[PDB]
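Sequence lines set the chain letters: A, B, ... in the order given, protein chains first and strands last, and positions in each chain run from 1. Computed over heavy atoms, backbone and side chain alike; hydrogens, waters and symmetry mates excluded.
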Amino acid sequence: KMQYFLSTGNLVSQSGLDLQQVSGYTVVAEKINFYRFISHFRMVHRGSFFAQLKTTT
Amino acid sequence: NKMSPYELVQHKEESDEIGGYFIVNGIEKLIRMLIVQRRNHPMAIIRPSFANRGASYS
Amino acid sequence: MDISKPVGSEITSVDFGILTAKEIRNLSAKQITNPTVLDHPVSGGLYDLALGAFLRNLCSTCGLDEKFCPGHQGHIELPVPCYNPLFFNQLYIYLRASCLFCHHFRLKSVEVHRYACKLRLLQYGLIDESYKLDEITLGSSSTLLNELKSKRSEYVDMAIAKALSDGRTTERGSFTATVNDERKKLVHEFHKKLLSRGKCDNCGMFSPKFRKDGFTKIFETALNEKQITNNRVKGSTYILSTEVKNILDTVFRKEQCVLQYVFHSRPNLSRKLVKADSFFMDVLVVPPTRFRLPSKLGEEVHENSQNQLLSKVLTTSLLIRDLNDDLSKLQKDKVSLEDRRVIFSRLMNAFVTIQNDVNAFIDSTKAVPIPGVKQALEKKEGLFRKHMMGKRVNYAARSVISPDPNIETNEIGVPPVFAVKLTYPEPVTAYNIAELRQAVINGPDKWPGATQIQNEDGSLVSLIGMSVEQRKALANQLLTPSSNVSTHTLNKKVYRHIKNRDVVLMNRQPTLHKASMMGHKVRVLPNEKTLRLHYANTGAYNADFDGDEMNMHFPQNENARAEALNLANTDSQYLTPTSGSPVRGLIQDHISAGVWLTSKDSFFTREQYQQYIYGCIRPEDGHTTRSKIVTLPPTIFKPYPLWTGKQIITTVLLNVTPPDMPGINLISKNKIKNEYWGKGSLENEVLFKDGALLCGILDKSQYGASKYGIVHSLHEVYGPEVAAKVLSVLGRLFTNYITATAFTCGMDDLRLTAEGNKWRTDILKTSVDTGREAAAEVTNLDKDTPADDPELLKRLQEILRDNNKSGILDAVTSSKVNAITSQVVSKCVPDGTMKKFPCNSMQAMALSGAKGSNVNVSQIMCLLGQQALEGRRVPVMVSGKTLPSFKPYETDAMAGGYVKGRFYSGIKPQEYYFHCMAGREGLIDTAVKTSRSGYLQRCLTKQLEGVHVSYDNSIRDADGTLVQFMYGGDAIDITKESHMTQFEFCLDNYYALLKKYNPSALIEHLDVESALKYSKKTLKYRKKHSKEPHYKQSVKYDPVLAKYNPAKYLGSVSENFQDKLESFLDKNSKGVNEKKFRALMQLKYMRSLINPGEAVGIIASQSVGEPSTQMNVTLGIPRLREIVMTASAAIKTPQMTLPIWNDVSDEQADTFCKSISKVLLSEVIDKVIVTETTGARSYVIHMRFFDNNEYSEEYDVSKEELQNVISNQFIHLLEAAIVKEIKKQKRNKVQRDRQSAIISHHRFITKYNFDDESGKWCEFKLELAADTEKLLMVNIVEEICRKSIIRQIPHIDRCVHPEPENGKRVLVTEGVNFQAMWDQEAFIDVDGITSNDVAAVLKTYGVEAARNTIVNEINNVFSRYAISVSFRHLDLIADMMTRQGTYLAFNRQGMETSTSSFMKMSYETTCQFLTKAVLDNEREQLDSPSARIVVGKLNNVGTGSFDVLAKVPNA
Amino acid sequence: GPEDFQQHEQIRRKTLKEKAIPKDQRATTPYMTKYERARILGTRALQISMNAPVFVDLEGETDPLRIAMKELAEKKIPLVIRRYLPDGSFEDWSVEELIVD
DNA sequence: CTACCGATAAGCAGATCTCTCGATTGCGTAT
DNA sequence: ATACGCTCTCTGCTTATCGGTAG
RNA sequence: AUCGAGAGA
Ligand SMILES: [Zn+2]
Ligand SMILES: [Zn+2]
């Protein structure tokens, strides 16, 4: 089940965490170059909720 | 966990291999950090959906 | 489409109908019984061999393989009829409002007959008759009603016979948009009248009601005890599908009379009875195996979703059939009822299950869910919008685009990788075998070659796997006489490669206008994998060369070749139809090269001059019209010959411009002033004379996309081809010049002098205190106050808390610091610069218009200025600090975002942070704006796709509905309107214009006297009149365009053109006389007319959509949405403008504004004190107002009016709120008389008073029962004070007096109420008031005032952003909107009244418009462009506006 | 049957004649529109590429559209433009009858 | 004295250029 | 052990219960 | 085939 979570990003929870989204929790660490790779580990995301929105504050 | 760069290149990985990612089906994956509310702090909130929740809700 | 296999038949029209159970049982190949698809196909299953061939199994119906089997339909027999999901709402509406006893509707029979007669009349174009039938009310009991019905029937018959005799309608009926609107309104009112009935009228037998719970389920309720009382004198439950079918069958077979007209929009010839069995599905038709083949993806085999749903239906059907046999055991045998009750409940559950299975097979929102057959045809991914309104195409290509200046401006560079794959069918002949045989010998690999050789009989042989000798043999046998008689009228084709003569169509998404898809000429280059495009097309395509890519479509027939080379080609689209401005030209390097070449400082020896001339112009390529290059005498004879760059321009024109014509006489300007060349220079004033550049420099304004430059003038005078050649020649010239004298920019260009730097420092030293001064001004504190004063800090804290005050402070500080920035830049550029123009390449680019602007130069070299975020300065945290570096409430320009730093010297960390804020905001805004305006274009174009120009010169919709009688009022093409009011230019170029127009061949085909005489009469009458208003004048003479065709009668011109021509000829008397010049200008007006067949609707939609992307009343896309996308009756900012009389002073206007604007009660309240005492629960609501000499002055409200409003409305609303809250919680003798009156009038007021001498307090005691709980009595009081008005005029929020712009003095009020301002004639010019609200002006002024308001508003959105859109587009839009007399919109709501339903169902809500089109048996004659492409027929607009006939020489 | 087809044909031809506008009263543009020119060139190119007899003399050219343009210059295109009015009425202008630009 | 037509609070249907890669139903059951 | 039955968007149209006016 | 991440203009 942990391998499924890491492979898909889906948060299959019978109870639900205190989080909003249910998918896209794991990104694939791309190896185009070391700059891309190192920046993979320094990024923090607001959430998939705000991608599909109109308010821009 | 504690291998020096010499041992790291001996074990075929890299000179300065860094961690923080998983390997699943030979494809490297990372659990992306997410931003969430500050813990253990009561923060006053104004939100229209609080009133939209029901009636007489401010 | 092979052109050697003509198709004789053609689909004239398609009419929607209902597939009955009898014909599908007749037409089907086999019935599908078991819900097993495979074991090999299951015999009797979904993949049965009778439904088509399947995986090498020959079809058992036609005996053909998978290639030659079209697929055949099968049917599954439903054990019980089922409610069709599409028609269930109509089934339910007809089930309700009916009598189960008498089997007629519960509406009066005479009223039903009246509706039937009106519908029979509306089936013909007889709207007036169907309304004059209403006035036959008897008139003129049962016998009387029968006679009345007979009278109405005979009246209808006589009216229809008269219409058929006099020609207004044929036997097929006349169905247009307005008759469709009338029919829809009548049917809607008929249904609404039916459903609003309680008791049957033919027999007063109450019928049980019905209830709805979605679908598949209909239940009836029993009558009440008092209701059955009438049922006792007239002498819940689950109803069944068969029961409701029988009920509606009886009702329909009784009321056929009205139903034949309710379910028809045109008369039915066969007179087929409308039956209720068409609303029920007792048989399901299964699509053929060809359309239900399995979705196989390698080893990932998946069953088709349609097969899944059909198998579920089959399982439920077989289960019901089995349940129908064991239930027979518990009915024939005398068994107990408990087991029988269980079996019957199971059967009912199975009925519901099969109904839901059918509803799942048809739809997926009624049954994650499997997509049914409705979802395949619903949305953007549906069948319509993804496979009929947009398709994948053969013979097309895509690649990255790279620039190329050594290719013609009308050409495209195609790599050999494309040039060998793309191919064109060229049929062999006796004049073509020279090259086609060579291509066949070349083969598929050696360009140019033939990949395939299509034989006469359609055989398509391939040369890819063939040897050279065999290819030579085939090419030798390529042109042979046909040995077969049946194929002796054909010639072999050759799929030869794409040569240089072939034409190609390019496109770069998003295609925001038609200019973004042009037909280029093919130039096969020798290097691969990139599409080479000239720099002239960058502006047209909005293309770039930083990774942009674009498609390359290759037409396959000579018809499309001619269409692309003549109509869609590149050089015929020099001018955009949006405003008539040019869109092609050179961009950056060529512009700077021309600025350097065409200066006085440029001299060239004889060899250099000749080399430049031959580099740009090449006679062997056809670039020269004289077959021999001709040069000029040098401008310097001694000491040695020297030419000039302007002489090179003159020689270029002399060699490309055709001979036997005069040279261009053009006087214009450029972008570079005369102070950038020194004292006394005149290089800003371009001057041509006989095609010789004698003064000025060529700039962006001359070659490029600029009106009235040399390239535009050459276009106008010599056609589009010469302008294209001039663009190509100037591109080659400025490329070869820039090679030998290259252009560069560097660090020294970005430097100031020591004096420039000292100027910048001295001015910027005055910016230290501007933020503090502005803050002191905003906070109403006297100047020279310290930046850390406690009162200033407190005021700044209040301003930080309040958003509006924060915005005010931001505006003031931004204004001051922008003034300082302007000081700095105007002082230090270009005086303080180190390297100066023209040596300074940075300023050369800025001034020349090649790249950048003075803003960019100033940011690089002087300072960055104020950083503006969302129209404000930088955001400030809750602590008053705008950044950790700055102390709280820092009154400094740098703190607020004023960057005193330049990109040459660098910016500090704080300014870097602020600039990153601004750049992020800009990136966000660009990302949003790139597609914020994408829905508007499609919403417009769906309805306007058919509006074209007819040969009557009247623009009218595809079906035939007339939108305008003359395009724009004058039928002037916008792309040809450019040089019509350029009378000086036309006079200067008179002889070349005469040569191009050739009135020698334009006399015997024109009438040149009648139109001129009529126009003279009309002009004389108008000159005599027109000193009187527009309503009082009698017309007596329509404009000449009305009577005489402008394209057939010389002199028939618009009133504005004629007025301008006469004013010109009268104001300047200047050797050619006024008569011939006037004749030439009138001929030019004749030749500048918009051609019949123009897609004016598409052009208008594109020209109002694409410029939108370039983007206290809503602006831009929101306002365009309010106006043209939804036509909202309630807009966000309703305003109406009020003209003022010239005798009203500004003081009186302001007083009128104050006395008209509304004032709430809360706007005179200081504070309210509620002294609640429970010692029976009372309240003492003391009200405190401002000083009288303050609130009376501010609002014009006095003590008497205040007391009146408090006594009448405020106390009443307070009592109402108190009692509502109480009910919610359960779950001087004059003053004495006033108090007693208020107490008696209101519920529980115990005391009352007022400051009758100062108007300062209003204290009244209130009392309540002790049993009531505690009330807030502050929140409700505040809400009531907000609600209650002191003095308001309905719908007016605020009237203000803006500064007089355009000279006129106007007032603007928030909210539209026309009839309320008609009463203030003493201050308002009541006949000049105009409003934003189109709906209000439509209601109180008429359709045409709404038309004018629509035009003015849809123009005001563009004109605020300095965007020019021709009024012809806006007039067409508004006349399409108000084409029914109402403020319609561009959406599905306003689309319903339309002849073609294919258009609407392709637009959206496909299911709804399909049911409506099948209930009415609508027959659309394939008129709209959408229907044509759905059925695959040649479009009507453009080249399809006519037909081509062949004049054979033998009878 | 045969008589039903005969009356159908008679009605069709009567409607056709009732829609045609005679040469003496057509009120359309004397010129040839750009769409008319483009379609006449395309159709003539199709015809000649389909082995039709040609009237102008070939100058060694082999592009059918170029040959059609040459014919249009020489006014040797044997085609008729049937301009359709909105109500179905049509005026039969001839290529030579029209003035190109 | 009740039937019929408005008239605002509530419910319900719907769109907003190209291209890569990665992942893919949970138990149950009768032998 | 295995095959097979199965929780934080914008509009505009349509429905419901309270107001009257009138035979 | 569907939903998730990302990329180009
Ligand atoms: Zn078949
Ligand atoms: Zn009845």
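For the pair C:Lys1048 and D:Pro30, the minimum side-chain heavy-atom distance is below 4.5 Å. Using a 4.5 Å heavy-atom threshold, the side chains of C:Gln610 and C:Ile613 count as separate.
A donor and an acceptor atom, one from each side chain of C:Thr570 and C:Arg584, are nowhere located under 3.5 Å apart.
Checked against the 6.0 Å centroid threshold, C:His590 and C:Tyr703 do not count as a close aromatic pair.
In the displayed structure, C:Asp660 atom CG is contacted under 6.0 Å by at most 12 heavy atoms of other residues, nucleotides or ligands. For C:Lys1060, the NZ atom sits in a loose shell: 12 or fewer heavy atoms of surrounding residues, nucleotides or ligands are nearer than 6.0 Å. For C:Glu1009, the CD atom counts as loosely surrounded, since its 6.0 Å shell holds 12 or fewer non-hydrogen atoms of other residues, nucleotides or ligands. Other residues, nucleotides and ligands contribute only 12 or fewer heavy atoms inside 6.0 Å of the CD atom of D:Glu96. Within 6.0 Å of atom CZ in C:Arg618, more than 12 heavy atoms from other residues, nucleotides or ligands are found, so the atom counts as buried in its surroundings. Heavy-atom contacts from other residues, nucleotides or ligands closer than 6.0 Å to NZ of C:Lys707 number more than 12.
Cation-pi geometry between D:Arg26 and D:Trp93 is met: under 6.0 angstrom from the ring centre, within 45 degrees of the axis. With D:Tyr31 as the aromatic partner, C:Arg1087 meets the cation-pi criteria of under 6.0 angstrom to the ring centre and within 45 degrees of the ring axis. Annotation: cation-pi geometry satisfied between D:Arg39 and C:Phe1442 (NZ/CZ under 6.0 angstrom from ring centroid, within 45° of ring axis).
Annotation: salt bridge (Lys or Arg N to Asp or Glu O under 4.0 Å) contacts involving residues 1061-1076 of chain C, sequence neighbours excluded, comprise C:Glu1062-C:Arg1078. Applying the side-chain hydrogen bond (donor to acceptor under 3.5 Å, both in side chains) definition to pairs two or more places apart or across chains, those involving residues 681-693 of chain C are C:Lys646-C:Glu683, C:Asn670-C:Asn684.
Each of C:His534, C:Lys700, C:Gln702 was evaluated against C:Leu586; a single residue qualifies, C:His534, per the side chain to side chain contact (heavy atoms under 4.5 Å, CB included) test.
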- [ ] Would you please test C:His979 and C:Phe985 for ring pair (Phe, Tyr, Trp, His ring centres under 6.0 Å) and show each step?
- [x] CA-CA 8 Å; C:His979 287 289; C:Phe985 176 88; 4.6 Å; yes
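Listed here is the closest heavy atom pair of C:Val949 and C:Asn1091: CG1-O, 3.6 Å.
Aromatic ring pairs are classed by plane angle as parallel below 30°, tilted from 30° to 60° and perpendicular above 60°; the pair C:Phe983 and C:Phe1077 is perpendicular. Ring geometry for C:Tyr574 versus C:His712: interplanar angle of 30 to 60°, hence tilted.
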